[PDB]
K.L.:
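This is the structure I want to talk about, given as structure tokens.
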Amino acid sequence: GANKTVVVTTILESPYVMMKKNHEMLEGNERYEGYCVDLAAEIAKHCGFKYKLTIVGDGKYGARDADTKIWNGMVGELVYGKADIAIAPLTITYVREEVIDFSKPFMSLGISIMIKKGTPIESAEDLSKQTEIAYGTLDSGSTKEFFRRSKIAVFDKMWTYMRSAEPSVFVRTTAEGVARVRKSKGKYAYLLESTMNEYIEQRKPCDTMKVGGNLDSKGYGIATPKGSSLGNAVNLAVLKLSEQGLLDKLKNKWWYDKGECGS
Amino acid sequence: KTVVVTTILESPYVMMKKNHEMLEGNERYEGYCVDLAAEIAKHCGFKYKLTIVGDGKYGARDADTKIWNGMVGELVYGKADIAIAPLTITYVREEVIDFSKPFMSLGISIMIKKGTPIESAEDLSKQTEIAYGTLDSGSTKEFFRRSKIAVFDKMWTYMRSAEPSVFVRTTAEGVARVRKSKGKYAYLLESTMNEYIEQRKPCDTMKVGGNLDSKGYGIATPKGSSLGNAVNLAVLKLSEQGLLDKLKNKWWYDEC
Ligand SMILES: CCN1CNS(=O)(=O)c2cnccc21
Ligand SMILES: CCN1CNS(=O)(=O)c2cnccc21
Ligand SMILES: N[C@@H](CCC(=O)O)C(=O)O
Ligand SMILES: N[C@@H](CCC(=O)O)C(=O)O
Ligand SMILES: [Cl-]
Ligand SMILES: [Cl-]
């Protein structure tokens, strides 16, 4: 049929998608800025479609309820036909690839540790061997599923602690995890993707840091419903933008050019 | 029936075993990609035959004839069913073959003989005493040829017309040339192979600077192959189980 506006699901996650300072008087895509906003514009230009950015209603990345088998978050938006494409820091995973399609990765990341500066923690093994410093992850995301599923001894030990910790060590948004690190006087460490860790490390008040190596190695992909006619073009678009150096330029723009913690 | 796997002799991905002359079939070979092939085939449930690519090339399309050579050509022209190798995911290749999600990350990197006064690609571009080049018929050469990025464009203009040729036929020859040119040759190659060589005797090379780009190796299949979906899920499964990390540790295991 005639061309239709593509519905893009995304999530309010800095610096991927952020409200512009004057958003209260703006409409449509103009309300937003950030890495994924710029990426969405590039992808759409290369694939030749118009689009509408829509923030996912439940503010979640996407997990499958064990009871009802219903997908929530952005994955759910794609699975149930509420969006045509997800352009967001959405991690490529086995269980998601079973139900949606992913482009080749546009950004690499690994699970990493965020501490308040001066916290006596250097590694995941460090965390697993003590109890004074609590630690947790985001809900409904790939990091929590990583620990839940891991058969690796250290990570399994961490999961058995996290799943039963009281009060809950899990948070609903990345921002909540960051606040919890900043406010807990070194007694909370946050497990999150290295991309978000490195971003926060450059924001005032510059009181956090990433420690140790990454726990795994993965990537974000642009996601489409299985069998979507958009998948092929979007995939080539990602590889073209990568080859041209544009993805590198966008990361520099949003992570480091705008960094608040010096040169 | 039996899946024909095209691969290439490239340490530590695929190597001839000691006394391979008395061995046969898949048993002749060892390495990261040999182990990976075994895991993939187990998860997908097929039997396979490892075969070394006839022309010993990764794959490039000839400008005139528009014929693909190397492992890419073997997939394009139906000589193999799947490629399991350090085969780089690129735009131009994705137009003619399919790739799994990446099983290993890499970037183009600089190898120098230790003590060479080079810190970066920018450094290389702005001098002429030290010659530099890349592998033939591979993604690295194609990257520089295609690049509009100013430093890389400048490097390409020099490399394409340098005499004698700065290009080499195999990775081993690039490394040998670095080691024998007394610091007057730098080799542009993927960080994976750079890091591997860095840890092997005579310990006289090193990787300098950051990587020039960021990409990955994928398992490749002909377009519309029945194997694509299962292979892709198998890679992600192996990744999440931590086995790709274990295999990297094994074959890049630490001479220096
Ligand atoms: C090589 C590690 N790995 C596993 N396969 S993936 O999850 O598609 C991925 C994506 N991006 C970078 C790395 C990466
Ligand atoms: C994020 C960079 N990037 C470009 N897209 S790719 O070439 O499919 C790839 C593969 N592996 C890691 C990274 C990677
Ligand atoms: N990128 C993750 C969310 C962040 C996290 O889980 O740490 C996902 O797609 O689920
Ligand atoms: N991995 C490369 C070969 C090595 C190189 O080009 O440096 C390819 O697939 O072409
Ligand atoms: Cl419309
Ligand atoms: Cl430039």
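For ligands, and for the atoms within them, numbers begin at 1 and follow the listed sequence. All values below were derived from every heavy atom in this structure, side-chain atoms included, with hydrogens, water molecules and symmetry-related copies excluded. Residue numbers start from 1 in every chain, and the chains themselves are labelled A, B, ... in the order their sequence lines are given, proteins ahead of strands.
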K.L.:
Quick one: does NZ or CZ of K253(A) land under 6.0 Å from the six-membered ring centre of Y35(A), within 45 degrees of the ring axis?
P.N.:
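Pair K253(A)/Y35(A) does not count as cation-pi.
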K.L.:
Decide if the gap between the ring center of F152(B) and the ring center of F143(B) is smaller than 6.0 angstrom.
P.N.:
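Judged by ring-centre distance (under 6.0 Å), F152(B) and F143(B) do meet the cut-off.
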K.L.:
Do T91(A) and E193(A) get their side chains close enough for a donor-acceptor pair, meaning under 3.5 Å?
P.N.:
yes
K.L.:
Take every heavy atom of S214(B), measure it against each atom of ligand 2, and state whether any distance is under 4.0 Å.
P.N.:
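Per 4.0 Å heavy-atom rule, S214(B) contacts ligand 2.
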K.L.:
Ignoring hydrogens, what is the shortest heavy-atom contact between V178(B) and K113(B)? Give both atom names and the distance.
P.N.:
CG1-N, 3.5 Å
K.L.:
Flag the pair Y217(B) / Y13(B) as yes when their ring centroid distance falls below 6.0 Å, and as no otherwise.
P.N.:
yes
K.L.:
Between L50(B), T7(B), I8(B), which is the residue that forms a side-chain contact (heavy atoms from CB on, under 4.5 Å) with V14(B)?
P.N.:
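So, applying the side-chain contact (heavy atoms from CB on, under 4.5 Å) to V14(B) and each of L50(B), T7(B), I8(B), only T7(B) qualifies.
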K.L.:
Ignoring hydrogens and geometry beyond distance, is a side-chain donor-acceptor pair present between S100(B) and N232(B) at under 3.5 Å?
P.N.:
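Side chains of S100(B) and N232(B): no pair found under 3.5 Å.
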K.L.:
Exactly which residues line ligand 4, taking a heavy atom under 4.0 Å from it as the test?
P.N.:
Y58(B), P86(B), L87(B), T88(B), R93(B), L135(B), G138(B), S139(B), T140(B), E190(B), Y217(B)
K.L.:
Nearest protein heavy atom to atom 5 (N) of ligand 2, by residue and atom, and its distance?
P.N.:
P105(A) O, 2.9 Å
K.L.:
Pairs of nitrogen or oxygen atoms closer than 3.5 Å, one from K215(B) and one from ligand 2: do any exist?
P.N.:
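By distance alone, the answer is yes.
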K.L.:
With a heavy-atom distance limit of 4.0 Å, tell me whether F106(A) approaches ligand 2 through its side chain, its backbone, both, or neither.
P.N.:
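Just the backbone.
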K.L.:
Can you find a side-chain donor-acceptor pair between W254(A) and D38(A) that sits under 3.5 Å?
P.N.:
yes
K.L.:
Heavy-atom pairs closer than 4.0 Å: do any link ligand 2 to the side chain of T90(B), the backbone, both, or neither?
P.N.:
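For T90(B), no heavy atom sits under 4.0 Å from ligand 2.
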